[PDB]
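Peer 1: Can you read through this structure? Questions will come right after.
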Amino acid sequence: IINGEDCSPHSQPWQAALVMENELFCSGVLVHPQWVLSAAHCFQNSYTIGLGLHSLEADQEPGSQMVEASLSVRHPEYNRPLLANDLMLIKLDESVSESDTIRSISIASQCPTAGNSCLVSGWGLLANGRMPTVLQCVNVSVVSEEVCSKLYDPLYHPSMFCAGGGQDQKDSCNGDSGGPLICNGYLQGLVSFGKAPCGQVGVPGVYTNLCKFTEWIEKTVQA
Ligand SMILES: NC(=[NH2+])c1ccc(N)cc1
Ligand SMILES: [Zn+2]
């Protein structure tokens, strides 16, 4: 997250983290007590999801569950077109509790609207160059489908939407992938990609257009 701040301790209780060896590579979103939503390019044969964590310290977090899983469904249309349909559903090895630091969120019912101020959180690279210690928070608004489609032509696809790109250089970055983008208390999208370096004036970051997969996500979970 570039030019963000420290989220209020557990202000985003749906936020999830994907960890490999000793590091952290992606984030996710708890959209169901047994299902985590993330970005397809974060695929892994097996996962280790950290929930209810303001900091990546399971010890400093009394209320946090480091669950695991292995079943993950990538969208059939991922990367076709290139970078398109970037979303994936990870099924937890076990349900989770419904606590005050771990809560599932609902997926945006309607689609993005330009200028609509939203919020994105994650543990990716900071405004400077490093890894943060606690979840970062930054606010970015949605860009008209016109500006977005033109700015990223031909990579732009209906399964994506831009946000940010303002002169406040607020944007996402490596490590924030899969992170959640909330608008009006709803999960509008997920961190997908964007031109590097991050935080370029006029170059908003692209996210997954979840409103265009509401039917698929449901269908996939109920089977
Ligand atoms: N928002 C961005 N510029 C971005 C998002 C994801 C990513 N992997 C790299 C850059
Ligand atoms: Zn805490």
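Going through the structure tokens in order, the chains are called A, B, and so on, while each chain numbers its residues from 1 and the ligands are numbered from 1 in the order shown.
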Please return as an MDAnalysis selection string the residues found within 12 Å of ligand 2, counting only C-alpha atoms and all ligand atoms.
Peer 2: chainID A and resid 7:13 51:65 100:102 134:135
Peer 1: Per residue of chain A within 8 Å of ligand 1, which atom pair is closest and at what distance in Å (one decimal), using only C-alpha atoms and all ligand atoms, listed by chain and increasing number, as a tab-separated table?
Peer 2:
residue	atom	partner	partner_atom_place_in_ligand_line	distance
A:1	CA	ligand 1	1 (N)	8.0
A:171	CA	ligand 1	1 (N)	5.3
A:172	CA	ligand 1	1 (N)	3.5
A:173	CA	ligand 1	10 (C)	3.8
A:174	CA	ligand 1	8 (N)	4.1
A:175	CA	ligand 1	8 (N)	6.3
A:176	CA	ligand 1	6 (C)	6.0
A:177	CA	ligand 1	6 (C)	4.8
A:191	CA	ligand 1	5 (C)	5.6
A:192	CA	ligand 1	6 (C)	5.0
A:193	CA	ligand 1	5 (C)	3.7
A:194	CA	ligand 1	3 (N)	3.7
A:195	CA	ligand 1	3 (N)	5.5
A:196	CA	ligand 1	3 (N)	6.0
A:197	CA	ligand 1	3 (N)	6.9
A:198	CA	ligand 1	3 (N)	4.5
A:199	CA	ligand 1	3 (N)	6.8
A:204	CA	ligand 1	1 (N)	7.2
A:205	CA	ligand 1	1 (N)	4.0
A:206	CA	ligand 1	1 (N)	6.3
A:207	CA	ligand 1	5 (C)	7.9
Peer 1: Find the residues around residue 168 of chain A up to 10 Å (only C-alpha atoms counted), leave out those fewer than 3 positions away in its own chain, and share them as a ChimeraX atom specification.
Peer 2: /A:2-3,139-140,164-165,171,199-201
Peer 1: Would you write out those residues with N, CA, C and O atoms, as a tab-separated table (two decimals), in the first residue's frame?
Peer 2:
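Final output, saved to selection-v4.tsv:
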chain	number	residue	atom	x	y	z
A	2	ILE	N	0.68	2.14	-0.98
A	2	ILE	CA	1.49	3.35	-1.09
A	2	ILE	C	0.77	4.57	-0.54
A	2	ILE	O	-0.36	4.85	-0.93
A	3	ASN	N	1.44	5.31	0.34
A	3	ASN	CA	0.86	6.51	0.97
A	3	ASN	C	-0.42	6.24	1.78
A	3	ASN	O	-1.37	7.03	1.75
A	139	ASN	N	-7.31	5.21	0.95
A	139	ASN	CA	-8.56	5.47	0.26
A	139	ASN	C	-8.32	5.92	-1.17
A	139	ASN	O	-7.51	6.80	-1.44
A	140	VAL	N	-9.06	5.30	-2.09
A	140	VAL	CA	-8.96	5.60	-3.51
A	140	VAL	C	-10.34	5.56	-4.15
A	140	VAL	O	-11.14	4.70	-3.82
A	164	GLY	N	-8.29	4.91	-7.88
A	164	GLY	CA	-7.09	5.63	-7.53
A	164	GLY	C	-6.59	6.45	-8.70
A	164	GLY	O	-7.38	7.04	-9.42
A	165	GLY	N	-5.27	6.51	-8.86
A	165	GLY	CA	-4.70	7.26	-9.96
A	165	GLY	C	-4.71	8.75	-9.69
A	165	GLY	O	-4.32	9.53	-10.54
A	171	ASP	N	-2.12	4.27	-3.90
A	171	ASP	CA	-2.31	3.09	-4.74
A	171	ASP	C	-1.89	1.81	-4.06
A	171	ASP	O	-1.45	1.83	-2.93
A	199	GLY	N	1.83	4.20	-7.56
A	199	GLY	CA	1.67	5.59	-7.15
A	199	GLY	C	1.99	6.62	-8.21
A	199	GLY	O	2.49	7.69	-7.88
A	200	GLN	N	1.71	6.31	-9.47
A	200	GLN	CA	1.99	7.25	-10.56
A	200	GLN	C	0.75	8.07	-10.80
A	200	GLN	O	-0.34	7.52	-10.96
A	201	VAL	N	0.91	9.38	-10.85
A	201	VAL	CA	-0.23	10.26	-11.09
A	201	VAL	C	-0.88	9.97	-12.45
A	201	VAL	O	-0.24	10.00	-13.49
Peer 1: Contacts of residue 18 of chain A at 7 Å or less, counting only C-alpha atoms, minus same-chain residues fewer than 5 places along, as an MDAnalysis selection string?
Peer 2: chainID A and resid 24:27 47:50
Peer 1: Could you pull out the strand (DSSP E or B) residues of segment 59-201 of chain A from DSSP and send them as a compact mmCIF listing (two decimals) with N, CA and C atoms, in the first residue's frame?
Peer 2:
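Final output, saved to out24.txt:
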# COMPACT_ATOMS: atom_id res chain seq x y z
N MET A 66 -4.62 -19.27 12.54
CA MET A 66 -3.76 -19.57 11.40
C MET A 66 -4.20 -20.88 10.73
N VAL A 67 -5.41 -20.90 10.17
CA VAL A 67 -5.92 -22.10 9.51
C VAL A 67 -5.15 -22.44 8.23
N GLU A 68 -5.42 -23.63 7.71
CA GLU A 68 -4.78 -24.13 6.50
C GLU A 68 -5.83 -24.66 5.55
N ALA A 69 -5.41 -24.91 4.32
CA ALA A 69 -6.30 -25.43 3.30
C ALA A 69 -5.48 -25.88 2.11
N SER A 70 -6.14 -26.56 1.17
CA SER A 70 -5.46 -27.05 -0.02
C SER A 70 -6.35 -26.99 -1.27
N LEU A 71 -7.66 -26.93 -1.06
CA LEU A 71 -8.59 -26.87 -2.18
C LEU A 71 -8.80 -25.41 -2.58
N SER A 72 -8.44 -25.09 -3.82
CA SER A 72 -8.57 -23.74 -4.36
C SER A 72 -9.05 -23.78 -5.80
N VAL A 73 -10.15 -23.09 -6.07
CA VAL A 73 -10.72 -23.03 -7.42
C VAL A 73 -10.44 -21.71 -8.15
N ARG A 74 -9.67 -21.77 -9.24
CA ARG A 74 -9.36 -20.58 -10.03
C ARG A 74 -10.44 -20.41 -11.09
N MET A 88 -10.05 -16.04 -7.44
CA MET A 88 -9.99 -17.44 -7.02
C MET A 88 -10.62 -17.64 -5.65
N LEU A 89 -11.26 -18.78 -5.47
CA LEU A 89 -11.88 -19.15 -4.20
C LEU A 89 -11.12 -20.28 -3.49
N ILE A 90 -10.63 -19.99 -2.29
CA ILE A 90 -9.91 -20.97 -1.48
C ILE A 90 -10.81 -21.50 -0.34
N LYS A 91 -11.00 -22.82 -0.29
CA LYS A 91 -11.82 -23.43 0.75
C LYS A 91 -10.98 -23.79 1.98
N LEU A 92 -11.36 -23.28 3.14
CA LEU A 92 -10.64 -23.55 4.37
C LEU A 92 -10.80 -25.01 4.78
N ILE A 107 -20.20 -9.63 -0.88
CA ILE A 107 -19.73 -9.11 -2.15
C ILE A 107 -20.69 -8.08 -2.76
N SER A 117 -15.71 6.93 -3.60
CA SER A 117 -14.57 6.72 -2.71
C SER A 117 -14.63 5.39 -2.01
N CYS A 118 -13.59 4.58 -2.18
CA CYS A 118 -13.54 3.27 -1.57
C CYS A 118 -12.30 3.13 -0.70
N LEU A 119 -12.11 1.96 -0.11
CA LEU A 119 -10.96 1.76 0.74
C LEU A 119 -10.27 0.42 0.49
N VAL A 120 -8.94 0.44 0.45
CA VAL A 120 -8.18 -0.79 0.23
C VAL A 120 -7.09 -0.99 1.28
N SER A 121 -6.99 -2.22 1.78
CA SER A 121 -6.03 -2.56 2.81
C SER A 121 -5.16 -3.75 2.44
N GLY A 122 -3.96 -3.78 3.01
CA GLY A 122 -3.04 -4.87 2.74
C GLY A 122 -1.71 -4.70 3.45
N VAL A 134 2.17 -3.60 10.33
CA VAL A 134 0.72 -3.72 10.52
C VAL A 134 -0.07 -3.40 9.25
N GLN A 136 -2.03 -1.99 6.31
CA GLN A 136 -2.07 -0.62 5.82
C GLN A 136 -3.44 -0.28 5.30
N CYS A 137 -3.79 1.01 5.36
CA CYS A 137 -5.08 1.52 4.90
C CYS A 137 -4.94 2.75 4.03
N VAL A 138 -5.61 2.75 2.88
CA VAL A 138 -5.57 3.88 1.97
C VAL A 138 -6.90 3.98 1.25
N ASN A 139 -7.31 5.21 0.95
CA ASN A 139 -8.56 5.47 0.26
C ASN A 139 -8.32 5.92 -1.17
N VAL A 140 -9.06 5.30 -2.09
CA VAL A 140 -8.96 5.60 -3.51
C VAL A 140 -10.34 5.56 -4.15
N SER A 141 -10.63 6.48 -5.06
CA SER A 141 -11.93 6.48 -5.73
C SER A 141 -11.93 5.75 -7.09
N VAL A 142 -13.12 5.39 -7.55
CA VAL A 142 -13.28 4.67 -8.80
C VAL A 142 -13.15 5.61 -9.99
N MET A 160 -12.61 -6.17 -14.79
CA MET A 160 -11.68 -5.36 -14.05
C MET A 160 -12.20 -3.94 -13.99
N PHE A 161 -11.69 -3.17 -13.04
CA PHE A 161 -12.05 -1.78 -12.95
C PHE A 161 -10.90 -1.05 -12.26
N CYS A 162 -10.68 0.22 -12.63
CA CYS A 162 -9.61 1.02 -12.02
C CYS A 162 -10.09 1.83 -10.81
N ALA A 163 -9.16 2.13 -9.91
CA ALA A 163 -9.45 2.96 -8.74
C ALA A 163 -8.17 3.69 -8.39
N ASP A 171 -2.12 4.27 -3.90
CA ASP A 171 -2.31 3.09 -4.74
C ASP A 171 -1.89 1.81 -4.06
N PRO A 180 -8.56 -6.82 -0.30
CA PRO A 180 -9.93 -6.38 -0.55
C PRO A 180 -10.08 -4.88 -0.79
N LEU A 181 -10.98 -4.52 -1.70
CA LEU A 181 -11.29 -3.12 -1.99
C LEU A 181 -12.77 -2.99 -1.61
N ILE A 182 -13.02 -2.25 -0.54
CA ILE A 182 -14.36 -2.05 0.00
C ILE A 182 -14.95 -0.72 -0.44
N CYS A 183 -16.25 -0.73 -0.70
CA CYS A 183 -17.00 0.47 -1.08
C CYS A 183 -18.38 0.32 -0.45
N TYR A 186 -19.25 -2.75 1.17
CA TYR A 186 -19.27 -3.96 0.36
C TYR A 186 -17.91 -4.26 -0.29
N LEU A 187 -17.70 -5.53 -0.61
CA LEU A 187 -16.47 -5.92 -1.27
C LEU A 187 -16.73 -5.71 -2.76
N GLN A 188 -16.16 -4.63 -3.30
CA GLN A 188 -16.32 -4.29 -4.70
C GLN A 188 -15.33 -5.05 -5.59
N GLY A 189 -14.07 -5.14 -5.15
CA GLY A 189 -13.05 -5.83 -5.92
C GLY A 189 -11.88 -6.33 -5.08
N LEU A 190 -10.84 -6.80 -5.77
CA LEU A 190 -9.63 -7.36 -5.16
C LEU A 190 -8.43 -6.78 -5.87
N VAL A 191 -7.34 -6.58 -5.16
CA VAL A 191 -6.14 -6.04 -5.79
C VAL A 191 -5.67 -6.99 -6.91
N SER A 192 -5.58 -6.47 -8.13
CA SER A 192 -5.17 -7.29 -9.28
C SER A 192 -3.83 -6.92 -9.87
N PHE A 193 -3.72 -5.72 -10.44
CA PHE A 193 -2.45 -5.29 -11.01
C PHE A 193 -2.41 -3.78 -11.26
